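A lone chain, given as structure tokens: the form deposited in one PDB entry.
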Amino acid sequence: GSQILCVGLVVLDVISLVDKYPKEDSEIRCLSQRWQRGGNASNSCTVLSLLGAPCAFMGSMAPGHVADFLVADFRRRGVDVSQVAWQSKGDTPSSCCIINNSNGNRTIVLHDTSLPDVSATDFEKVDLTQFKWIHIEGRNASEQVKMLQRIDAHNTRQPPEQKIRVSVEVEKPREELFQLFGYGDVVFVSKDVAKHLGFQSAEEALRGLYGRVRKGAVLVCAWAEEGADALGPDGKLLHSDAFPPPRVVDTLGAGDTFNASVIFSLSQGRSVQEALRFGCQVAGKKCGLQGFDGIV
């Protein structure tokens, strides 16, 4: 296997750049506008391609002009779109993103079209042999657990040399998703999910949630500008300071940059410490740039 598969969402980000965030009932005029392809699994694909990794995307899309824009962007990047689960019923999701130029803060108003999510049936149809690593963005937990069990089954039949590495992301504080803790060799838990569970630091979260992971898995938690932490089976907490840019201009997709960079580094055989550090390095570079161009 050579490719890195990212299973999750693709969203059209209808971005506006403002000098100051608007006050409810106001009329600000934006600096600039752009269409950017978004969604967590989608943004991680952009980053992996830029990092020089052969990657593929798996997500639901509806035939139409929004899909044509997204597909052309995926293709322009060299993202393998051959795994896309095309839906006959529904529309492709989009969102209004407000990026504050004075601090880089991103405010998203998402429109979730109720496009059916990728099923365990869609996933059974995939020939796993081309993949080196499979990353799943937590969405439809019950259906994704069946996908994770399929990869587990594949791997039991494989020599250690050709075992598919698996990562999982729990970004939304949804009780259903917490069963995914659970599966995978690398588990990414968000600051928002951690705070929701009552943890006030990435060290508190990793010590509190490590009991929920599979034997020998690595639990990772990025805490924005405070840097990121990781905890493996050795019980040794690992840390990396952030690499903040002198001027933070766009934080939209920073966490996705972190996830893809950590996945990349580990796929390349680097240590968890090296990977934590690289993840923050790339996430920080991206924060001082508009979009993903120039992160390398």
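Sequential numbering from 1, following the sequence displayed. In this text, the rigid core denotes the largest set of C-alpha atoms whose superposition between the two forms falls within 1.5 Å.
The form deposited in another entry exists for this protein as well; it is not shown, and the discussion that follows is about that form.
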| property | result |
| --- | --- |
| Only residue that shifts (Cα, 2 Å or more, rigid core superposed) between this form and the one not shown, among 72, 197, 153, 108 | 108 |
| Displaced residue check between this form and the one not shown: residue 18, CA, 2 Å or over, core reference | yes |
| Rigid core superposed: residue 30 CA moves 2 Å or more between this form and the one not shown | yes |
| Residue 99: Cα shift of 2 Å or greater between this form and the one not shown (core-aligned) | yes |
